[PDB]
Amino acid sequence: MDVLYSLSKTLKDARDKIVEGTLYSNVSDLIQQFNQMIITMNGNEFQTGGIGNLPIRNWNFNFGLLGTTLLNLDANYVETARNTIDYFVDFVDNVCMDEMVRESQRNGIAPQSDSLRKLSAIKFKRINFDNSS
Amino acid sequence: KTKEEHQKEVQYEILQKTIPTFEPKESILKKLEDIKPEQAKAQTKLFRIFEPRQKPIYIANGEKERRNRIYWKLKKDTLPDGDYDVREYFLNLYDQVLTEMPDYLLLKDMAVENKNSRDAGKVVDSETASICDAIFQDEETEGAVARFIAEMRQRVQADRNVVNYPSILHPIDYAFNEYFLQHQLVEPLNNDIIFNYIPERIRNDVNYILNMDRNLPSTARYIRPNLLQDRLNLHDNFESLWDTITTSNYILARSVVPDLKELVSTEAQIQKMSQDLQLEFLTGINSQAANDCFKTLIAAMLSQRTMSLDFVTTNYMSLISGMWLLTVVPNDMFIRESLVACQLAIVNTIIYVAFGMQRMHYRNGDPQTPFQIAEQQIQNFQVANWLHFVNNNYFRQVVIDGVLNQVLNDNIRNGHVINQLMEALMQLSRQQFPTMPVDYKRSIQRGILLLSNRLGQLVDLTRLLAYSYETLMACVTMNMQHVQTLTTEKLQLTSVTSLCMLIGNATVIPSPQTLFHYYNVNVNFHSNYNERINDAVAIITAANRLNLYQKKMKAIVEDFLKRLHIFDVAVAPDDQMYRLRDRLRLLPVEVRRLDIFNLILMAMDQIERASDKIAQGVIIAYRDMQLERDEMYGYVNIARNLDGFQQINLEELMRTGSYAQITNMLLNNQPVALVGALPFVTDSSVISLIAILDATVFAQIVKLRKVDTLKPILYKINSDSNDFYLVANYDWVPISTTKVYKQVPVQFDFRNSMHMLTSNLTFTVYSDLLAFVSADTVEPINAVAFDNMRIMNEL
């Protein structure tokens, strides 16, 4: 749950702050967080759905780290970031729906979906960012 | 055989020419020791880029004004031609500022008296004093400014250890000096800080008595080392560098391991071993070998150097010793091939043979080791339990004080597993050994008893080794990452036998001075590593921010490795060099270096404009433009902005090499502004102006397809021009088609240049941080281990 929230927060900040022309100092910390997220999520496979009419979806992560060697972001940097952001956003959407559509009589507070149970591991704790909400 | 040795030498040379370890691996000790803390640097004079220069001015009609005025001018005007060269110059300036950036400031040292002071005032620098004298004497100064220069006072509060001094600096110079003053690296030092700097395990050890017999005054400072764990992860996919690092740490650990004392008599032990073995073997057994093995084991464990095992399978005595070796040393410390070789030799020459089992056909690459197979294939409890302990005896990873440590099993720390080893050995000694020839069987089992009857001595040896390893590991600062190294340290099972058969009764532990020396060396190396990372990252980031695309980061990485001082940079493989560059490009810059770079990047435009040997560009405009009238010069072709003209970047033109557009424009007389750091020719000639000599300097561009020889013409028509009578005596408006894009110097304003710099009155900066700790050692005989019992309790 905390890791899923961190993924969503990192993606929202990426979409808000990674814009053309912005100073790199306006994003440097977010870029470090985003590269940490890419490193953590690379090489893992996820599966969501299968309940009701929710389609089954398979998610694979192999992305390059966003650059850190510009003064002001240009079109190239934004375009490179946007594809990764879109894939991650779709992944977060499907994980959230799959977790929302599930329930349990016993231990209802615990994660119910396979994706969220996987994210609850210790290898994924490196992405926590900030639990402001 | 000699051919075989030649072949092995050439193959090992092929491998070793990719490992940057220095040729004789003993000089590494000198290099590591010579690595020293960066000395705290005190500022001797304020950092200044600009100085007040008095320049002549001219009336609007072009006549000298008889009244020079004071402007700001660069102290050292050496800016080059070309935007890329200017940015390279600013990269070099950033590097210089980083090199000379002070770690602390005491303005009282720089303070000097103010000549014209009525209250015995002082100013912060000799330059400030001279500027104040000049402004006090000059006739154009305001009365308020003069009275203030006369009345201005410093303030020295000794009770609070503070001093404020007046100063006169350009805004940029003041920014640099203020940053230096406000971000000093020195911090207060107390006995509490010294005590916490002492490693915690040493502090809690009852064998070392530590006292704070020195008094630290309140005005005592220190610069704490940067001991951040490695940010490049040289243990991941940097095989050559990690091999060199482990080798260097191994050399240092060997230097600091203590020497054994009063070993058993070599002659007596050899005689008894020969009698017991009845060799109708004893080579390499001596005190030198015993000490060498002790040091090798402890240092290899400390540095995480993989150690290979060298032995002769016929030497079942060496195999008997290797049994204890594998019992007490975690199995991941040995290269897998050597471990399986030793274990297979042991089983197939002692254990399976003793129990009558068929010799094991071990398949290389099997996920299980020979002992792991034998443990589940042997039904004897003593032997099986010993094998189980050996099989699952590895290092346990623990983080202590933020440092990863490779910890040993408590059973070997207190030496209790030696009892299980001797149980297994006794069982083997009374084993039947079916079908083996009787004399050889007797020799094997008496050789087993040779080690078995040393139960107390071997328990003492094991717990001594464990204690010295713990105490020396308390002084390691970097993470003890465990990797299988390319090149391994050879360990002689004969030396292990000598250690086991000659270890005596005297407890030897590191001296407190030895521990402090080891800790200081490790701390110095760690802090140098982090600081060189910071330098490399800062330079790489600055180059990428200034857009020095013709900048090879391989040079920066080579300087980084060179200044690490343990690497032979010529040998590092290329893929690893580029991996290092890639990993350095991803690290965030340190705060001080980044702030200095921000200062330089925000003020570099102004510094370049202030420069006098270059202009920012040239507008051509192909039309009659009235010369502007300026104070700095009667008439000039000064353009203050390129508005309304198409711009061609000279840098990009030169890089791309295609001159079609500029050639077409210069052929067809199309207005254009060439932008770039250019050198200009100053021409004070009215007849040269009339001759239209400023428009005859661009044809060389078309003729040569180069723009590095472009040198615009800046007209400077004044009363001191030798032809100004042409301007004065005729009714015409001086006009020039071309204009030079240049900025007038910033005028000197006393109120905006007068600042007040505040710092501390005085303090002393120490570096050793452990010369204040007086450390004694309890008598070695009664030195206790972690369990509060004597390390060697067989006396």
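One line per chain: the protein sequences are C and H, in this order. Heads up, the first sequence is in the numbering used here, so the first residue is 4 and it goes up one at a time. Heads up, the second sequence is in the numbering used here, so the first residue is 120 and it goes up one at a time. From the three backbone atoms N, C-alpha and C, an ideal C-beta is built for every residue, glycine too.
Along the segment 65-95 of chain C, going in chain order, the ones with a CB nearer than 8 angstroms to a CB of chain H are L68, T71, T72, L73 and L74.
Checking the DSSP bridge columns, you'll see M873 of chain H partnered with H:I287.
Excluding residues up to 5 positions away in sequence, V231, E232, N233, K234 and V242 lie with their Cβ nearer than 8 angstroms to the Cβ of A248 of chain H in the same chain. Within chain H, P707 have C-beta atoms less than 7 angstroms from the C-beta of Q35 of chain C, given in sequence order. At a cut-off of 8 angstroms, the C-beta of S107 of chain C has no neighbouring C-beta in chain H.
Of all residues in the segment 691-704 of chain H, only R704 come within less than 7 angstroms of chain C when Cβ atoms are compared, listed by chain position. Shown here, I900 of chain H sits in a helix according to DSSP, grouped into three states. Cβ-Cβ distances below 7 angstroms link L888 of chain H to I313, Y316 and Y341 in the same chain, with the five nearest sequence neighbours on each side left out; the list follows chain order. For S11 of chain C, there is no enclosing beta strand (DSSP E); the enclosing alpha helix (DSSP H) has its first and last residue at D5 to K20. Of all residues in the segment 30-63 of chain C, only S31, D32, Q35 and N38 come within less than 9 angstroms of chain H when Cβ atoms are compared, listed by chain position.
Here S457 of chain H is near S427 of chain H, since their CB atoms are less than 8 angstroms apart. Selection H:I726, H:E677, H:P831 and H:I659 evaluated against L703 of chain H yields H:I659 as nearest (Cα-Cα).
Cα atoms of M908 of chain H and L335 of chain H: separation of roughly 37 angstroms, rounded to the nearest angstrom. The alpha helix (DSSP H) runs lying completely inside the segment 153-181 of chain H and spanning 4 residues or more number zero. In terms of Cβ geometry, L769 of chain H and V755 of chain H do not form a close pair [threshold 8 angstroms]. Note that the C-beta distance between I739 of chain H and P790 of chain H is below 8 angstroms.
Of the residues assessed, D485 of chain H falls on the exposed side of the cut-off, its CB having fewer than 16 other CB atoms within 10 angstroms. Ranking C:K126, C:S136, C:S107 and C:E82 by CA distance to the CA of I21 of chain C puts C:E82 first. The alpha-carbon of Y849 of chain H is positioned some 29 angstroms away from that of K861 of chain H. Bounds of the alpha helix (DSSP H) holding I42 of chain C are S31 to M44.
About 7 angstroms separates the Cβ atoms of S872 of chain H and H289 of chain H, confirming a contact at the 8 angstroms cut-off. The beta-carbon of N663 of chain H is placed less than 8 angstroms from the nearest beta-carbon of chain C.
Cβ atoms of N368 of chain H and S422 of chain H come within 8 angstroms of each other, at about 4 angstroms. Within the same chain, and ignoring the five residues on either side of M40 of chain C in sequence, the residues whose Cβ sits closer than 6 angstroms to its Cβ are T13 and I130. Per DSSP, the unbroken alpha helix (DSSP H) holding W505 of chain H starts and ends at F500 to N510.
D378 of chain H is positioned such that its CB atom lies no closer than 8 angstroms to that of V615 of chain H. Considering only H:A265, H:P489, H:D429 and H:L396, the residue with the shortest C-alpha distance to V557 of chain H is H:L396.
The way I'd put it, the segment 593-613 of chain H does touch the segment 641-656 of chain H; three or more beta-carbon pairs between them come closer than 8 angstroms. In the three-state reduction of the DSSP assignment, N524 of chain H falls in the strand class.
Between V846 of chain H and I836 of chain H, the gap from beta carbon to beta carbon is short of 8 angstroms. Three or more Cβ pairs drawn from the segment 700-719 of chain H and the segment 211-220 of chain H lie within less than 8 angstroms of each other, which places the two stretches in contact. For the set H:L523, H:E677, H:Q551 and H:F508, the Cα lying nearest the Cα of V472 of chain H is the one of H:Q551.
The three-state reading of DSSP puts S646 of chain H in helix, counting H, G and I together.
Rounded to whole angstroms, the Cβ separation of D349 of chain H and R167 of chain H is 38 angstroms, and the two are not in contact under 8 angstroms. In the three-state reduction of the DSSP assignment, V104 of chain C falls in the coil class. Between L785 of chain H and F764 of chain H, the gap from beta carbon to beta carbon reaches 8 angstroms or more.
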